[PDB]
Amino acid sequence: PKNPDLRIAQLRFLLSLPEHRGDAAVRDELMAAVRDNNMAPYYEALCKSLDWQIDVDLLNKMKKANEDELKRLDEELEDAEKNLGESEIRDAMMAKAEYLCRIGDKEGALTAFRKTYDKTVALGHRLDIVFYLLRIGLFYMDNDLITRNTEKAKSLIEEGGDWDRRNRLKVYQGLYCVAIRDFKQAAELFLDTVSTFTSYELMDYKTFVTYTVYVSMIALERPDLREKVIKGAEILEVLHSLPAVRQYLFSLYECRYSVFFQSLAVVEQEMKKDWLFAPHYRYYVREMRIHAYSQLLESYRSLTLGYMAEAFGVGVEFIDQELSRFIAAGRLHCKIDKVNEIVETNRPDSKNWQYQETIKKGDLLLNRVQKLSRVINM
Amino acid sequence: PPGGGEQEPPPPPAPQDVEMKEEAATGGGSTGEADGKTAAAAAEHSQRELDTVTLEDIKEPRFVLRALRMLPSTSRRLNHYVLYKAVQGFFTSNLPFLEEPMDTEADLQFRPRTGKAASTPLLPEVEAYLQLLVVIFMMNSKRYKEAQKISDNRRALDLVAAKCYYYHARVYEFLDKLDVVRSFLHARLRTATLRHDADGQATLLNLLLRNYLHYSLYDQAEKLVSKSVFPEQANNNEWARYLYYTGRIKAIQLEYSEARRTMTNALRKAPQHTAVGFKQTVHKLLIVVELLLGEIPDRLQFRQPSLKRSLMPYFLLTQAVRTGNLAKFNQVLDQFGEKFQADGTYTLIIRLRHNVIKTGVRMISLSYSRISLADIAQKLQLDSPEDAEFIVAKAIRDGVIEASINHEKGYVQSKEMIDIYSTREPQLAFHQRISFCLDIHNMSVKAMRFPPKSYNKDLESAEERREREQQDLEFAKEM
Amino acid sequence: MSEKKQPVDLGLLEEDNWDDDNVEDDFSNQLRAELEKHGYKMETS
Amino acid sequence: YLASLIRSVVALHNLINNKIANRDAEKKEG
Amino acid sequence: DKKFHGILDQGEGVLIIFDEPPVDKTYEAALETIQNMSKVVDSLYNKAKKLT
Amino acid sequence: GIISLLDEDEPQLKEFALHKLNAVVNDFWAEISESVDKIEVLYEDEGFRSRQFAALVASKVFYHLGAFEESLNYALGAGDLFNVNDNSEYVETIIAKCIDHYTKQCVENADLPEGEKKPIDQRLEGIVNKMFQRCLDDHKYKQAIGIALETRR
Amino acid sequence: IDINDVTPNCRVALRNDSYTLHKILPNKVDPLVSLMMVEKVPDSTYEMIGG
Amino acid sequence: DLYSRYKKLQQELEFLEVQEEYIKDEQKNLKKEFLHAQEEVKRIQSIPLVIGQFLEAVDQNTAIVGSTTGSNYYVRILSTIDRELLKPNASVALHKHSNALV
């Protein structure tokens, strides 16, 4: 089975990117793998880790234990053939394909699952199979697998309510959506804070709360923020036990920019080494900062930049270069003058922006359709 | 002896067998098809030649003594194939493979056939290690081919000879002179293009241009006036390299607007095959020239496995040029100058300073609104403030920025130009692609009606049912 | 069929579903962490 | 602009249908 | 809080108040149609390129 | 290019230059086409000695350029230098286009020969009837018996 | 129309003038299916069993 | 012979391109007439016509209908009608004589 194994994948990543982290993980992962007969995830990982010369005895005895279990399973297959119910061979093979998945590689488990999908005549066991496939795809990041299995699950779920199954699919889809840099979709699909059980993929309900507040920081604006994530007591009571995130959110809401930056630095440091946030952990940060600027410049019109030093962070030249590079990018509409050290604002209409994206997406689609035109017809 | 008895025997028989239908059957079908009918390209089997070239590239006494003087000799050719196979199985076979086409009744009676047969020895002799088939001897075989070239009747010979005088060039390319190859090609070009239109106005042009540039003379006179610009028949393989060559020619003469489009078309004409030899070069140039032309980003990030290792310097280069800093540009040039020289591209990128300074000044103009020139120099590290005035003045000249300058004071103030939606330019932008989207529909519809054919089936209802209907009507009208 | 050959200079001696943006690599020049800059800039003043 | 784009993509689909309806039928005459 | 839109001046205390036209329905429909036809074209691979 | 010293007045130096150019034109026809008008200037000066020689090289250039009308004009201008008819594709194609122009003009005059014609160049009908006689001596009379119709003579 | 195709309980077209067989219409509805539709028993499976 | 190799080629070049002209005009006239023949078929939809119920379609341009007289017929349908409005139990009109869907 794959209920406890998720954390193992985490440790794998923890030994890949952190070069300095090479002391304790190599050991706890090691004796987590020595039990449970986990033979697959350290064929190549053994090469990634130390030489580990003393394994041939362990390798041989472990693989012979695997063979003993597999021959036992074949024994029950032939036992179930003569006196069968719903072809209990297929019941047993479905019941032990997860064992093979826990021990072996993708090929055997996938073939066993695709063959045993035809025995089950009820929707519940089909959904269990589909969820197994989602989980393995999340381990090995198989995009087409994820897409096809999700559309199959959605096509299987409308027959019957299964609202608990529907919520489980929602959490899975949200996890996939955070990995891709789609954040609004995450925040929309992470509003299931009253229907998330102590699941097998997120050991902590509190980790789920932290993820949803993190994405809601980016996705939504001030009315919804002030209306949903701050007025829903089900997460306020949880946040009461998490002072750091509470003050991180309150700092942004209450405009205490001085304390905001230390909390932001702590958060980005923590999420740099966390899974499914590292590949773009910088991107996230570069949003929040610019967002903070947009939360202050629109109230006034002729604010001096000196005020920032004692209100946002010391250093005139730092703020100067930051604002310069942010203006050059085409966002944060304003203007600055150096001879008198002043910052002015402007109000561009919501038409020019609604035009550039149109023209560029049109360009890319036209390029794609031209490529399609010539690739066909010799 | 035991080692060479199981894996050495297999090499002999199986390749011969699979060749008996690959080129022997191909030659037999071409003789009665290419030289037997006017299908030309169709029964010329240029794709059979293609396949038998590409497969044999990564793959003679029997096949050189082919006979066809009389019908019994032509029939014999095929049993003699098996006879030579048996001799090879029993006995060991063998300059002495050049007089056979004049002997052994060798009377193909088709030049289209004897040409391909002769070329097939040349290709292996060219690929005979690096020996070059005893050097000039391969050339001498091709000298024989060149005698064949002058033999004649080109309803097949022309498109057969194209490949011939394409490998012919490679022969000299790997060895000695090329100037007299140029003389020969020049002559051969007007030897063609005068027999009405015969093609080759594609291959010969590329052969002439391949090393016209390599000798480093950028003559262009004849290219602007060349009448062979439009062969229109290139099999979508010649056209790509022709466009690449003319694009580089155009770009080397301070012309950037048209080179981008023509050579992008050339690059996107490239086939799907795994080999990425020329695509490396075309990509490299296609992004140098885009950096030169204004400041188009070009950073359509390429991380494909094939191209990743090669273009590592260029990525660093674009990184410096996008930013307004100038010390980074020098720190990249002094580091990769030798590498760029090995690539033959130092001269193009050595003139990039003006683009860097334009980008920097445009960024400064867009960012601020009123800035003293006593800091522009420090930000752009020109080491002097006075010349910054001239730089900004030249920028204002070309419409880069509309900012004014108070010279007596020193600060530069810029105008504010917003609301481009009311301007006429977005209508032009929409029109420029309305034209394209209207053209593609006509292009697609034009070729739709070619596949519909052989629709002679035209029946309305029946033939003999009319009599039955009339009889029934008469019977009904009687009562 | 599938001739697909080119003559010279084959070289080089032999993922991401987020659309690429240039800016990501710009600050890859330095500023590894906003943290480090803020932490080691604020102390001065 | 938008309408001309839609028109072009529909005509492209029509061409694809025609060609595949030809190459899978012409082979029947051997 | 977007309950009231205008601008505040710190120099002397003047509350400039202005209003803006309704955000147009013009372009979001164009945007969605563009992405929809992009998805259709992407789905056209499974029947165009693979078969030919 | 050596055409630079075509700016010198001395006829002996022109007769050095032209006798390089007519020997090398085959490989530089475009680069010489850049300036052939100067050779037409030398052809215009009736005072110039060896005047006829410029016409031949000019004809070669315009032949390489496909300006076959101009090529025919200066082939006629070079006149007796076309006593050679027996080898080069240059002369063969020029005399073919000569045949074509002559027959088309004769068909035009088949309305009326007195119809205010452009005066016939005696060189034109000369070389055309010379090639007709060539066809006679080659015993290829089946050509002549046909072509006799298209000259309208 | 062939003899072996004319099975009992099949729907057939009939020409009007002379009453001749013309086609074989798709099919009819099997009576037991209609009876089971009338009865409407709630289909189930083993997953809906407790104790 | 060698002169006929010119004359016959001239004659075929003459004869071709006149083939082009009639086909070019004919495609023009054809649609002109086709519009009239397209709108000429509405004589069938005359005033006295019976009403029936649609049952199913065996294939293209043929269906099974049930007249309000009380009997079922297997009949033809008219081409120009819209095929996207024949719902499972919609109401239709039949020719009084031929009993053909109109």
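Don't overthink the numbers, they just go from 1 along the chain as shown.
So how was this one determined? The header says electron microscopy, 3.6 Å.
Positions of Cβ are set from backbone N, Cα and C atoms, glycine also.
If you look up Swiss-Prot, you'll see B:455-479 marked as compositional bias 'Basic and acidic residues'.
Listed in sequence order, the same-chain residues six or more apart from B:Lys21 (SUMO2 cross-link) with CB atoms under 8 A from its CB number zero; the list is none. The SUMO2 cross-link annotation in Swiss-Prot covers B:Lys21 and is backed by a large-scale study or a structure entry.
As annotated by Swiss-Prot, SUMO1 cross-link applies to B:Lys21.
Positions annotated as domain 'PCI' by Swiss-Prot, on the basis of sequence analysis: B:240-419.
Secondary structure from DSSP puts B:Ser372 (phosphoserine) in a beta strand. Of all the Cβ atoms in the protein chains shown, 14 others lie within 10 Å of the Cβ of B:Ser372 (phosphoserine). The feature phosphoserine is assigned by Swiss-Prot to B:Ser372 (among others), with a large-scale study or a structure entry given as support.
For B:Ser384 (among others), the entry in Swiss-Prot reads phosphoserine. Classification of B:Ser384 (phosphoserine) by DSSP places it in coil, neither helical nor stranded. For B:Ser384 (phosphoserine), other Cβ atoms within 10 Å of its Cβ number 7.
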Of B:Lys21, B:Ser372, B:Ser384, chain A-adjacent recorded positions (C-beta under 8 angstroms): B:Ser372
Between B:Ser384 (phosphoserine) and B:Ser372 (phosphoserine), the C-alpha gap once rounded to whole angstrom: 13
Secondary structure tally of the compositional bias 'Basic and acidic residues' (B:455-479) (DSSP, helix then strand then coil): 14 helix, 0 strand, 11 coil
Three-state secondary structure, B:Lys21 (SUMO2 cross-link) (per DSSP): helix
